[PDB]
There are 4 protein chains.
Amino acid sequence: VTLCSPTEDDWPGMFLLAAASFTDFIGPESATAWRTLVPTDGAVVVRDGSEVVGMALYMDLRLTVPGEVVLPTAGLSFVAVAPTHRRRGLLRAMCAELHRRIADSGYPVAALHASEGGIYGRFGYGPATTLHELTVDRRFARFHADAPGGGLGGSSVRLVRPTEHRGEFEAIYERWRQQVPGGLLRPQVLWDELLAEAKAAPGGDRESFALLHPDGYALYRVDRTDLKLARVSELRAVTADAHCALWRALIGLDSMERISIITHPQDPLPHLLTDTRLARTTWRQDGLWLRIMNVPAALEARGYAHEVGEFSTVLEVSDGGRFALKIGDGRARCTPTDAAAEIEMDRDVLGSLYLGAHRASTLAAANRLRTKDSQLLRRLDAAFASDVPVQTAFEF
Amino acid sequence: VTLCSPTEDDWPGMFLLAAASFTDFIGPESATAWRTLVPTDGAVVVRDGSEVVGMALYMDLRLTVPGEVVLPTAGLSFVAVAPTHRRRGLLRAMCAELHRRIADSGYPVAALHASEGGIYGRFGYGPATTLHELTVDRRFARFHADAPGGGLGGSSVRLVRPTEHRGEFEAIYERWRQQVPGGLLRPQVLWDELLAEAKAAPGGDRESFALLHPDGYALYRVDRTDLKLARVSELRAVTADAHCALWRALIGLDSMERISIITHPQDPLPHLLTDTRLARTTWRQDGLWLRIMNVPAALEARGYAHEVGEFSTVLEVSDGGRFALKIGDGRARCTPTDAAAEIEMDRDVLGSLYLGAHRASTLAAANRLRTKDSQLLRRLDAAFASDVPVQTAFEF
Amino acid sequence: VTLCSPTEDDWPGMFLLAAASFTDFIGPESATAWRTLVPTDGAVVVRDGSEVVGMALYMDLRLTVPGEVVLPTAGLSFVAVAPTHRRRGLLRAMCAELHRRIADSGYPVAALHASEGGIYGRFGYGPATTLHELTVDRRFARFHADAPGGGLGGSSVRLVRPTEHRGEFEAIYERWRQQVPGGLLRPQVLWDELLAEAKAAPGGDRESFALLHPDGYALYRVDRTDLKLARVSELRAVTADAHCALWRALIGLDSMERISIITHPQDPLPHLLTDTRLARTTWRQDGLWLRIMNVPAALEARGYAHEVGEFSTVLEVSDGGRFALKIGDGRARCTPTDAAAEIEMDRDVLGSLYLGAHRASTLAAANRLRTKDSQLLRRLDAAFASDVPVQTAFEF
Amino acid sequence: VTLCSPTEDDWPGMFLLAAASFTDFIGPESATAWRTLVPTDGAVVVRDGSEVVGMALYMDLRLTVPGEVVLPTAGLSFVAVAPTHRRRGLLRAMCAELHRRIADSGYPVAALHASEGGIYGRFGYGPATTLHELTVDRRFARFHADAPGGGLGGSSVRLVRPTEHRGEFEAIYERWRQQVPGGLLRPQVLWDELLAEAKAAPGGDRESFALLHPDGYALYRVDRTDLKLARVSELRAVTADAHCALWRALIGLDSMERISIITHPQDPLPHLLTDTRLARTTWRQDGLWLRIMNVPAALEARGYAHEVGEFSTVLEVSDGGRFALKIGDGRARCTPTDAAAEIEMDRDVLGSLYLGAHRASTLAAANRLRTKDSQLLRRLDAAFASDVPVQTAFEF
Ligand SMILES: CC1=C(c2ccc(Cl)cc2)S(=O)(=O)N=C1NCCCN1CCc2ccccc2C1
Ligand SMILES: CC1=C(c2ccc(Cl)cc2)S(=O)(=O)N=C1NCCCN1CCc2ccccc2C1
Ligand SMILES: CC1=C(c2ccc(Cl)cc2)S(=O)(=O)N=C1NCCCN1CCc2ccccc2C1
Ligand SMILES: CC1=C(c2ccc(Cl)cc2)S(=O)(=O)N=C1NCCCN1CCc2ccccc2C1
Ligand SMILES: [Cl-]
Ligand SMILES: [Cl-]
Ligand SMILES: [Cl-]
Ligand SMILES: [Cl-]
């Protein structure tokens, strides 16, 4: 059993492993498109001794973090171990090799979407965004008097075919992703894939439509089995007017009983309606997971809340070093030290704090971060918070 | 049709209306116990012209708000209009009369639990706490290495009969409620009621048991139909050790598949486990609703976050006046002014901000609070936040 | 933490532990009745250091094994560890103490019903009977021309109240249990309990009725929620005529859609009908578990199939010794030896073979019993088989 | 209404009748492939008077029976009567004609799979194999210490594409079918059909994968709707090592919650696991049905258990004659006699005994076989039993 970078001849075997490992396997053609984001030496395989019995790779991504800072990010994906070779340490060996390559290549952070929640914490990844499914019973939905875009005249939203307005979606999404923590740059190939998913499939998904505003769009389709459910696959809005206008149009889908969307916990939708309860949370789960590869680079690159006054502390990451951390005027300086630690946490915990989705004091209450200073906790809560709520861009 | 305070002879008619209006009607005996919290002139009825066709009352409560400040609070309850007298303006008339009496009596706030989410916003109530149901598949649940109380020796938790340890539950709960925003004083009669609900009922609920720690307790029972589900009706813990220890014991219920609890969005439970996903959010809803009766009294009484630096603004509540609001050193001063408003919101919106459950910037994104200054929004978000997360005490 | 025999003062604490551990806890009064079968020193408890945090006991039973031989049998029951004291080795300590007492008292076998299937194998217990639920859609059920009791005249079965024919049920059951492997003597107190379960409960089970034949009876009741399902709680028949007659009567329950029974895999019911498929197997599970305490006493006491010719072998039980085993003329002699083993198995595997419910060759195919001689396997299969199929008497 | 052998021009009408009669109708192309197994004069049709209103045929098969003896077997299939011509005696007429041709052609046995369980007993067919669905919750599944193939090093199983390893599956299956009662020779055309079913269908079944061992294979696919269920369509293993290894790999399908298989009642899978209950029996049904066409040829051809000592009896089959039956040294001699019968049974009952799936004493308890000698019953039980458990090859 040996570990190495795959040659072109290894890819059919990798696709076989993938097809048997991921029920949602996107298939050879789509896999090949996403492959254009995998750098040279971004992939490892494990051959028996011959067929591939393990694989993993990362893609070159661009992640927005608080303060509208964009970080090069290694996006782990296509991770699989053959059902015949479980419990043999293959995942650990593959992850170790990739992390070495990712660190040596100069990525400050790595990221992934987790197939299960109990696997990646031990490799330093913490859940950093939260997915929130809202299901609206639109038959009762009525907008509040305060909601934007309620006046007389024409509507600002248009019902369109997705493939005919690619440029407008691209430009709107590019604006969104640069200003929202969790945003990812979506390259041309991923727009090819997205629009391909928009068309109907025989025995599969129904046709997708779009609602288009100058400052926002929604892509939706009727559910394949529940014909009174419309599923919004993606809603991106850059202003409050655009967000409200798009939801007015969606609630105008009179043939539907329910509209569902995977969104974030701070989606203002419930407050747009006269009955906030109509926007039911039907599902909650971790979204993006983060491993901080370089602690000082990551902590210095991020913007911090201006409201908290300047403060200094000493942070130890359980293996990843000890640092004097000074935060003031929305910026951090993070330098080596051997002074006594005031805060301790595992590497994964820092990932969970990093985008502002989890509060330091909540993690402290579970003893995932240790300190004897509750004032320090309040300061970390406040500093690491994000002005603009953390969102999830797209799964990879 | 006339409106007045009920006499003793009106109560049988009120119980009839209640039994037909609330499927969860606690019954005459329990209603009579809760009645001991209703002040003289705390109730109104509407007679036809004779039977009672409308009723409403408030109870004298004590609500903890951020900064561990306890406010006298009028708790609206037992609100009903006969199915024969709908759409006749009875609710509006009853609420107006009660609010007048509540304001004249000197309550700074009123509160309630809403039967539906679309009714009480127009009377000035905003949802101020959030209920979060977690369902844990305990068969996979394993505690993180970091979690408290994992070492060798004896356990600190005892399995006990609720009725034999009333004093210990009372004292633990009293500690909890004084330090947590949303906490309510639970008087002797409500402990009588709680322990009465603990016993089994023929054809009804099963017997309740308790898990008792020096600094926490849990009350639970097996679900009446799903015999592999244990429902935690109440878990109150004053330290992280107590909270973890109680959950270790609950996950030790080997005869169960699932443990469910109605808790709050910042419950650290998910982070106690090696797989955070096992703590599934199965339900989300508004808890306590708040109407601020006196804006300056309420805003001055509350503690504010020390992290935000001193700032001043002008707040208009849509009918309830305009105020110069100065916040600094964790305190507010709130005085009358005719200077131009920098922030505007309806009265209900202020209730939703008041305990820290909803962010000003989220409400702004729905246009429920209007300002042209985003720095001011960040400052309000930070100031109104609560060090200790907002929780829900008990339904009334 | 200490282990000892309970005093009278320990029983309230034991009932508390029981009520919290067994959702089907029969309650103090019934527990007290079953207690009459627990010998002096038949119970152990574990106190903290004080409350009981662990308990286990055995009852004095009489088990029929093949050849209509009745063995004194220690029936483990009421086994529980507090949810607060899991993973502390309490079960292992309690089982070790009880097994020592059971062995020293002279029981050749111990037995139990398992709450879960993965717990008791490591303590030497193997599943020895198989429960088979049959559900008959009686609306299509038609008896085969060959089936007994189809001729003209009066019926031999009577519809009766269970409490008025106790003596007849007792005598029929006593005949059944003496001739069927798996049969248990049912003492007077267990008949008191059975007939008490026969009456209706407010909000609980419906009233039970009986169908009575000179050589058989059935006890049944309509399901509490599914009113078109009749559940046969117990059917005991000593002749084929009685068994068929009782099923003719049950299929005569014209108000029902379905009749269900927990029976054994060799129940002839399917073959009584013109469509064997109508007797659907809706559930399959282990029934009685057996631990052979004394290998030679147990193997010598049992009758063996006369069809297999005399043969000799050497059997090793993984800890419980090595024996020269000679089987011929339906009898075994089983003596100590140090000669090379021809068959090896763990103690639990022998329990699974002992009543004839599992074939040696099936267990060999899972490598639970090791031999290099397939002729020996065939001989063991044949010898250990039971003329009269293995059944399950009652749960304890 | 006349009955005759179909001409080429009758087949479109037969396919129409088939498409309207079998919801699982394999379609014209597949029907045409299976047709290659139908001998000249192996089919009958009934025309109105013109369209076909009835049809039936048999295929030339090779069935393995105990003692690894292979018998030519007429496999009835494609049996249908038009919904317009029910209750007209068409089935009886078609079956009578085919049985005459089958008997005259020299087949000792005929066989079928029954659409319903109440139809074929009256034509002499008895259910002779038993299908057992096991559903494994693989998330809890852990192998016993005794289970084969648990040691260190590489795995012996490979994950492969079915179409690329046809030869290896063929050879493994050929070994299996020759040594297992119930085995059927699978000709080249049926391997063409099987591998065609392996590919994905748009709006239909998902792609199939294989797990390949030198001495065994499994074919499986994810369920089309339940994406956490993997269905094993076929598992064939010639050694215990191969069977265990294949199940280790299947339980290694970490993306699945459950693995299901249609197997037989003696599958050792449950005993491979530390918790035998995890292998849940979720479904039970008759598999292959057998009609013995020639009683002495069938009874003489079969091998019998060597364990039972030589014995003689007189068997009457209700229409099919009376015979002196002598069984000894694993062989039977079966000759005509007019001596008094000691055992009587219908022809279908003998089919149910023939492969060892049903015990003579179980059938006696339902009065489906009559004798006044219980020693004789024990001898028949033992003699007709099969060393190697009866299995079901493939449906036809
Ligand atoms: C984009 C994508 C793939 C892909 C394919 C080829 C290449 Cl070169 C790169 C990525 S995929 O793995 O086929 N499933 C994809 N998307 C669906 C949901 C994401 N899942 C997938 C399962 C899996 C497995 C380990 C780790 C994470 C996740 C997150
Ligand atoms: C404590 C209680 C009552 C009560 C009874 C008598 C007296 Cl004097 C005071 C309170 S109750 O109304 O019978 N239902 C109670 N509890 C159950 C859940 C609370 N629901 C109840 C329905 C209802 C109706 C309007 C407004 C709020 C809510 C919140
Ligand atoms: C008869 C009986 C009990 C009993 C009570 C008191 C005395 Cl002194 C003896 C027996 S019981 O434990 O309350 N549940 C009983 N019957 C219901 C089903 C049996 N279950 C029960 C759960 C359990 C727990 C460990 C081991 C086995 C089994 C098998
Ligand atoms: C192989 C096969 C057919 C076939 C087709 C053409 C020829 Cl020439 C021979 C066989 S089939 O009848 O179309 N359905 C087949 N298989 C599916 C399951 C089997 N069912 C089928 C329904 C049916 C109808 C009566 C008797 C038995 C069974 C057992
Ligand atoms: Cl989002
Ligand atoms: Cl709460
Ligand atoms: Cl039984
Ligand atoms: Cl099979």
# chains A, B, ... in the order shown; residues from 1 in each chain; ligands from 1

call {"tool": "residues_around", "arguments": {"residues": "segment 121-137 of chain B", "least_positions_apart": "5", "cutoff": "9 Å", "atoms": "only C-alpha atoms", "output": "PyMOL selection string"}}
result
(chain A and resi 274-275) or (chain B and resi 92+95-96+110-114+182+251+256-265+267+269+277-293+346-358+390-392)

call {"tool": "residues_around", "arguments": {"residues": "segment 185-187 of chain C", "least_positions_apart": "4", "cutoff": "8 Å", "atoms": "only C-alpha atoms", "output": "PyMOL selection string"}}
result
chain C and resi 61-63+174+177+191

call {"tool": "residues_around", "arguments": {"residues": "segment 327-331 of chain D", "least_positions_apart": "4", "cutoff": "12 Å", "atoms": "only C-alpha atoms", "output": "PyMOL selection string"}}
result
(chain C and resi 307) or (chain D and resi 66-67+69+298-314+335+376+379-380+382-387)

call {"tool": "write_last_selection", "arguments": {"atoms": "N, CA, C and O atoms", "output": "compact mmCIF listing (two decimals), in the first residue's frame"}}
result
# COMPACT_ATOMS: atom_id res chain seq x y z
N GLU C 307 -31.71 -41.10 15.78
CA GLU C 307 -31.46 -41.44 14.38
C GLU C 307 -29.97 -41.53 14.06
O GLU C 307 -29.53 -42.45 13.35
N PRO D 66 -30.38 -32.24 -3.16
CA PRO D 66 -29.40 -32.73 -2.18
C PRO D 66 -28.59 -33.94 -2.68
O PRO D 66 -29.11 -34.79 -3.42
N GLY D 67 -27.33 -34.00 -2.26
CA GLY D 67 -26.37 -34.96 -2.78
C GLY D 67 -25.68 -34.46 -4.04
O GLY D 67 -25.00 -35.23 -4.71
N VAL D 69 -26.85 -33.70 -6.90
CA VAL D 69 -27.39 -34.33 -8.08
C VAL D 69 -28.11 -33.25 -8.87
O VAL D 69 -28.83 -32.45 -8.28
N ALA D 298 -37.76 -39.15 -9.02
CA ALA D 298 -37.33 -38.05 -8.16
C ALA D 298 -36.77 -38.55 -6.82
O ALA D 298 -35.73 -38.08 -6.37
N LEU D 299 -37.47 -39.49 -6.18
CA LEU D 299 -37.03 -39.95 -4.86
C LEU D 299 -35.75 -40.78 -4.94
O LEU D 299 -34.92 -40.74 -4.02
N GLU D 300 -35.56 -41.51 -6.03
CA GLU D 300 -34.33 -42.29 -6.19
C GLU D 300 -33.14 -41.42 -6.56
O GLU D 300 -32.00 -41.75 -6.20
N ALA D 301 -33.37 -40.31 -7.24
CA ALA D 301 -32.26 -39.49 -7.76
C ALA D 301 -31.55 -38.68 -6.66
O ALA D 301 -30.35 -38.44 -6.71
N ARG D 302 -32.32 -38.31 -5.65
CA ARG D 302 -31.88 -37.50 -4.53
C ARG D 302 -30.96 -38.25 -3.56
O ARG D 302 -31.18 -39.43 -3.30
N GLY D 303 -29.98 -37.56 -2.98
CA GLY D 303 -29.20 -38.08 -1.85
C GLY D 303 -29.92 -37.84 -0.53
O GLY D 303 -30.64 -36.85 -0.38
N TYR D 304 -29.73 -38.74 0.42
CA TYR D 304 -30.38 -38.66 1.73
C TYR D 304 -29.32 -38.63 2.84
O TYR D 304 -28.16 -38.99 2.61
N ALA D 305 -29.71 -38.18 4.03
CA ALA D 305 -28.76 -38.05 5.13
C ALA D 305 -28.24 -39.42 5.53
O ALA D 305 -29.02 -40.35 5.73
N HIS D 306 -26.92 -39.54 5.65
CA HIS D 306 -26.28 -40.80 6.09
C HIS D 306 -26.48 -41.11 7.58
O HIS D 306 -26.29 -42.25 8.01
N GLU D 307 -26.87 -40.12 8.36
CA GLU D 307 -26.94 -40.28 9.81
C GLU D 307 -28.06 -41.24 10.24
O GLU D 307 -27.86 -42.08 11.12
N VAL D 308 -29.21 -41.12 9.59
CA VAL D 308 -30.33 -42.01 9.87
C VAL D 308 -30.00 -43.44 9.41
O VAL D 308 -29.38 -43.64 8.36
N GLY D 309 -30.39 -44.42 10.21
CA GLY D 309 -30.13 -45.81 9.88
C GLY D 309 -31.13 -46.28 8.84
O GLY D 309 -32.17 -45.65 8.65
N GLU D 310 -30.81 -47.38 8.18
CA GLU D 310 -31.69 -47.92 7.16
C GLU D 310 -33.11 -48.14 7.70
O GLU D 310 -33.29 -48.61 8.82
N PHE D 311 -34.11 -47.77 6.89
CA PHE D 311 -35.51 -48.03 7.21
C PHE D 311 -36.33 -48.14 5.93
O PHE D 311 -35.91 -47.68 4.87
N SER D 312 -37.50 -48.78 6.06
CA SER D 312 -38.42 -49.04 4.96
C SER D 312 -39.80 -48.58 5.36
O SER D 312 -40.17 -48.68 6.54
N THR D 313 -40.58 -48.11 4.39
CA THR D 313 -41.96 -47.72 4.65
C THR D 313 -42.77 -47.82 3.35
O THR D 313 -42.23 -48.21 2.32
N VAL D 314 -44.06 -47.51 3.44
CA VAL D 314 -44.91 -47.46 2.26
C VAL D 314 -45.55 -46.08 2.18
O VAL D 314 -46.28 -45.67 3.08
N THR D 335 -40.16 -48.48 -5.17
CA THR D 335 -40.75 -49.44 -6.09
C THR D 335 -42.28 -49.55 -5.90
O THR D 335 -42.79 -49.29 -4.82
N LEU D 376 -41.58 -43.05 12.43
CA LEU D 376 -41.45 -42.88 10.99
C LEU D 376 -41.27 -41.41 10.62
O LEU D 376 -40.46 -41.08 9.75
N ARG D 379 -37.81 -40.32 11.34
CA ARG D 379 -36.92 -40.87 10.33
C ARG D 379 -36.97 -40.12 9.01
O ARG D 379 -35.94 -39.94 8.36
N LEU D 380 -38.17 -39.68 8.62
CA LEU D 380 -38.34 -38.90 7.39
C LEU D 380 -37.75 -37.51 7.53
O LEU D 380 -37.05 -37.06 6.62
N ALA D 382 -35.26 -36.67 9.38
CA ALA D 382 -33.81 -36.81 9.37
C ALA D 382 -33.27 -37.16 7.99
O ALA D 382 -32.28 -36.59 7.54
N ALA D 383 -33.94 -38.08 7.30
CA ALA D 383 -33.48 -38.57 6.01
C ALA D 383 -33.53 -37.50 4.92
O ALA D 383 -32.58 -37.34 4.16
N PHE D 384 -34.65 -36.77 4.86
CA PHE D 384 -34.86 -35.77 3.81
C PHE D 384 -34.10 -34.46 4.07
O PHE D 384 -34.03 -33.61 3.19
N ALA D 385 -33.53 -34.30 5.27
CA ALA D 385 -32.77 -33.09 5.57
C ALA D 385 -31.57 -32.99 4.65
O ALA D 385 -31.07 -34.01 4.13
N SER D 386 -31.11 -31.76 4.42
CA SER D 386 -29.97 -31.52 3.56
C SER D 386 -28.79 -31.04 4.38
O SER D 386 -28.90 -30.12 5.18
N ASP D 387 -27.66 -31.69 4.15
CA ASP D 387 -26.37 -31.29 4.70
C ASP D 387 -26.10 -29.80 4.41
O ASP D 387 -25.85 -29.02 5.32

call {"tool": "residues_near_ligand", "arguments": {"ligand": "ligand 4", "cutoff": "6 Å", "atoms": "only C-alpha atoms and all ligand atoms", "output": "PyMOL selection string"}}
result
chain D and resi 22+24-26+31+34-35+77-79+112-115+395-396

call {"tool": "write_last_selection", "arguments": {"atoms": "N, CA, C and O atoms", "output": "compact mmCIF listing (two decimals), in the first residue's frame"}}
result
# COMPACT_ATOMS: atom_id res chain seq x y z
N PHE D 22 -48.05 -8.68 -16.20
CA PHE D 22 -46.90 -8.62 -15.30
C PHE D 22 -46.37 -7.20 -15.20
O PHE D 22 -45.80 -6.68 -16.17
N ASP D 24 -43.88 -6.31 -13.59
CA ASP D 24 -42.44 -6.49 -13.78
C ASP D 24 -42.10 -7.15 -15.13
O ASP D 24 -41.11 -7.88 -15.22
N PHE D 25 -42.91 -6.90 -16.16
CA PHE D 25 -42.68 -7.53 -17.47
C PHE D 25 -41.36 -7.03 -18.03
O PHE D 25 -41.17 -5.84 -18.22
N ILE D 26 -40.46 -7.97 -18.29
CA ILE D 26 -39.10 -7.64 -18.70
C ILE D 26 -38.98 -7.01 -20.10
O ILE D 26 -37.92 -6.50 -20.45
N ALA D 31 -37.59 -10.84 -23.08
CA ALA D 31 -38.46 -11.99 -23.30
C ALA D 31 -37.93 -12.87 -24.43
O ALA D 31 -37.94 -14.10 -24.32
N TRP D 34 -34.80 -14.91 -23.11
CA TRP D 34 -35.27 -16.03 -22.31
C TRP D 34 -35.95 -17.11 -23.16
O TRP D 34 -35.94 -18.29 -22.81
N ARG D 35 -36.55 -16.69 -24.28
CA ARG D 35 -37.20 -17.62 -25.20
C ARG D 35 -36.23 -18.69 -25.71
O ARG D 35 -36.65 -19.81 -25.97
N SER D 77 -43.20 -20.67 -16.63
CA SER D 77 -43.14 -19.21 -16.60
C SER D 77 -44.04 -18.61 -17.67
O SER D 77 -44.60 -19.33 -18.51
N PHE D 78 -44.17 -17.28 -17.64
CA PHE D 78 -44.93 -16.56 -18.65
C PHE D 78 -46.37 -17.05 -18.70
O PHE D 78 -46.95 -17.20 -19.78
N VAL D 79 -46.93 -17.34 -17.53
CA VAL D 79 -48.29 -17.86 -17.40
C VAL D 79 -49.24 -16.70 -17.18
O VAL D 79 -49.07 -15.92 -16.24
N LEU D 112 -41.54 -23.59 -10.51
CA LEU D 112 -41.98 -22.23 -10.79
C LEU D 112 -41.80 -21.30 -9.58
O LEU D 112 -41.54 -21.76 -8.46
N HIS D 113 -41.91 -20.00 -9.85
CA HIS D 113 -42.06 -18.97 -8.82
C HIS D 113 -43.50 -18.45 -8.87
O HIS D 113 -44.01 -18.13 -9.94
N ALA D 114 -44.16 -18.41 -7.72
CA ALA D 114 -45.60 -18.15 -7.68
C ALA D 114 -45.91 -16.67 -7.51
O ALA D 114 -45.40 -16.02 -6.60
N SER D 115 -46.78 -16.16 -8.38
CA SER D 115 -47.27 -14.78 -8.28
C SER D 115 -48.14 -14.60 -7.03
O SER D 115 -48.11 -13.56 -6.40
N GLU D 395 -34.89 -15.99 -9.91
CA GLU D 395 -36.29 -16.02 -10.27
C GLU D 395 -36.43 -16.19 -11.79
O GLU D 395 -35.61 -15.68 -12.55
N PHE D 396 -37.46 -16.91 -12.21
CA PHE D 396 -37.73 -17.10 -13.64
C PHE D 396 -39.22 -17.14 -13.86
O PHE D 396 -39.69 -17.09 -15.00

call {"tool": "residues_around", "arguments": {"residues": "residue 322 of chain C", "least_positions_apart": "5", "cutoff": "6 Å", "atoms": "only C-alpha atoms", "output": "number ranges by chain"}}
result
C: 315-316, 337
